[PDB]
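Take a look at this single chain in C-alpha cells; it is the form solved without the RNA.
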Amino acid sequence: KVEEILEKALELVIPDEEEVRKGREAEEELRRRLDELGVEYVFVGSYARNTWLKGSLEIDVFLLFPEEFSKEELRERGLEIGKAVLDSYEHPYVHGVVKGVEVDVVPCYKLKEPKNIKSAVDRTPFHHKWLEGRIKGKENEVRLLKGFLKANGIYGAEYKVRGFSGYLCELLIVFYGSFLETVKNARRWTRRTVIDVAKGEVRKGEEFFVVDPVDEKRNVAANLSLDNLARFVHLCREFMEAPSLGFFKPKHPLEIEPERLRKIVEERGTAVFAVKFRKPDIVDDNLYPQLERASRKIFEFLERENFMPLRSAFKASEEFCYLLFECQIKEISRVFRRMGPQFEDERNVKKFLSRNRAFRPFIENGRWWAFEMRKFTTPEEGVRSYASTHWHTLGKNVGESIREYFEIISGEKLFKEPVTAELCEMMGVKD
C-alpha cells in the first residue's frame, strides 16, 4: 500500500520536462558566460545534485577566491553573467535570471578544505562535496521528503517557515537511506534527539541537533522550531498509521464567509481582534522575527492585564501587517486591587494613604491594599494604550511603523481583511 502511495507521490515531487528543460538551458549558458571570463566556479545547489523539488528550480554558483578580501569582483562577475540582477543581503550576492531560470552567484574562497574564512558561504562547497557522492541514486527520496514537508508547510529554514532546509533533507535521506525509513524513525525523535551523520549515530543531547558532517559544531536543523519538529513527528506517526497521497498535497484554504466567522466567535464567546499597521520595507528574514516578537510582547501584556489571551498569530500582506489575538475576557471591572505596604511600615503606610481615592483602603493578611481604577476595561483598549507608548519593544521596524500609525480592528471589519486563513487556524476551525 505505502509503496503504491510513494509511487504516485513521485508524480507530485519530481520536476518536469519543461522545467528540467529550463535548467538545462540556463546551466550550459551560464557556464559559457563563466568560462569565457576564465572564472573558477562550482554549481552547488539542489540543482547541482538533481535533488530539487518540482517547480522549485534555481541555480547556485559559488565563485572561488584565494586568501584576499574584496570580492566586489563577484559583484562584477555576477552582473556580467546574469541577464537581470539584484543585490541580496559578507552576505551580499547577485541574484538574477539567465535563460529565464533563477540564479544565485555567490562569493567564496577556493578553500583547500575545512577551516572556512569567517565561514558561512565558504561552507556551501564542502556541503556539496560531502553529499554529491553519497546522495547519488536517492534523488527522488529527497524529493519525497521535500514534497512531504512542503505540502505540510514545513519545508524551508527561512524565518517565515522555521522548517526543514533542503540540506537537512539530504543529510536525513543519507542517514536513513530513504524517505520511508526516515519517517519510520522520525516517529521516535524527541526534542533532545541528536542525529550525528558523520558518526552514523543517534544520541541524546540538550536540543534537537543534526550535526553537520562538514563542521561538527553546527546544527543543520538550527532554524527548525520545536513546534515544527513536533508537527513532523506527529505527521510521520499519522502517515504510517494510515498512508495517503493527501500528505503530499497542500491542504485547501478554508473558504469561509464572514458571517460564519462571526458566529464561530460569538459562540466561542471571546474577544477577537487585530492590530493593523503598514508593513515596513525590509526582507522577510528581518520582518518575521519582528512580527513574532511584537505579537509575544502584546500577548504578555494581555496576560499581565488579566485579559487571558488564548492564542495569537500574525499576517504580512503586500502593504500591511496584522497581529491577531483572541482573549477569554471581553471586559474586566473598572476597579482593581492595588498592593500597599506591610502594616509595620509607618512611613510608607502614611504615604500610601495620603492619595485620594474613591474607596477606602483596607488591611488584609497584614498588608494594606487599595481599590483603584483601571484606565481601560477591554483588551482592545488595553492594546491601544500599549501600542501607543510601548511600540519601542515591538521590534525596530515594526515598532517604528506602529508609532506612525496603527488601528485595532474587530468584528466584520476584521473579517473583511485578508487574515481569515490565520484566524481559522488560530481558533482551530475545521471544514
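What we label the rigid core is the largest C-alpha set whose atoms superpose within 1.5 Å from one form to the other. All residue numbers refer to positions in the sequence shown, first residue = 1.
The same protein also has a form deposited with the RNA bound, omitted here; what follows describes it.
Engineer: Which of these stretches, 341-349, 253-261, 239-247, 133-141, has heavy atoms within 4.5 Å of the RNA in the bound PDB entry?
Structural biologist: Every other range fails; the passing one is 341-349.
Engineer: Would you please decide whether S295 lies within 4.5 angstroms of the RNA in the bound PDB entry, comparing each non-hydrogen atom pair?
Structural biologist: The answer is no: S295 has no heavy atom within 4.5 Å of the RNA.
Engineer: Looking in the bound PDB entry, any heavy atom of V106 within 4.5 Å of the RNA?
Structural biologist: Taking the distances in the bound PDB entry, the answer for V106 is yes, it comes within 4.5 Å of the RNA.
Engineer: I'd like to know whether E27 contacts the RNA in the bound PDB entry, with contact meaning heavy atoms within 4.5 angstroms.
Structural biologist: It does not: once the RNA is placed as it appears in the bound PDB entry, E27 has no heavy atom within 4.5 Å of it.
Engineer: With a cut-off of 4.5 Å between heavy atoms, is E381 one of the residues that contacts the RNA in the bound PDB entry?
Structural biologist: Residue-level check for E381: no, no contact with the RNA.
Engineer: Which of these residues, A313, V121, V174, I329, gets a heavy atom within 4.5 Å of the RNA in the bound PDB entry?
Structural biologist: Of the candidates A313, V121, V174, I329, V121 is the one lying within 4.5 Å of the RNA in the bound PDB entry.
Engineer: Looking at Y386, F406, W52, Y41, which has any heavy atom no more than 4.5 Å from the RNA in the bound PDB entry?
Structural biologist: None of the others qualify; the residue that does is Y386.
Engineer: For a quick test of understanding: in the bound PDB entry, does each of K184, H234 and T270 have a heavy atom within 4.5 Å of the RNA?
Structural biologist: The answer is no: none of the three residues contacts the partner (heavy atom, 4.5 Å cut-off).
Engineer: Which of the residues spanning 280-307 lie within 4.5 Å of the RNA in the bound PDB entry, based on heavy atoms?
Structural biologist: The stretch touches the partner through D285, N286, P289, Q290, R293, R296, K297, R304.
Engineer: In a fit on the core, which one among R337, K136, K263, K199 has a Cα that moves 2 Å or more between the shown form and the other one?
Structural biologist: After core superposition, the one over threshold is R337.
Engineer: After the core is matched up, is the C-alpha of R367 off by 2 Å or more between the shown form and the other one?
Structural biologist: Shift at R367: 2 Å or more after core fit.
Engineer: Please check if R188 moves between the shown form and the other one, taking a CA shift of 2 Å or more relative to the superposed core as movement.
Structural biologist: No; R188 is a residue whose C-alpha shifts by less than 2 Å between the shown form and the other one when the cores are overlaid.
Engineer: Establish whether a shift of 2 Å or more occurs at the C-alpha of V174 between the shown form and the other one, with the two forms superposed on the rigid core.
Structural biologist: No, the C-alpha moves less than 2 Å.
Engineer: I want to verify one pair: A84 and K54. Are their C-alpha atoms nearer or more distant in the bound PDB entry compared with the form I supplied, knowing the change is 3 Å or more?
Structural biologist: Relative to this form, farther apart in the bound PDB entry.
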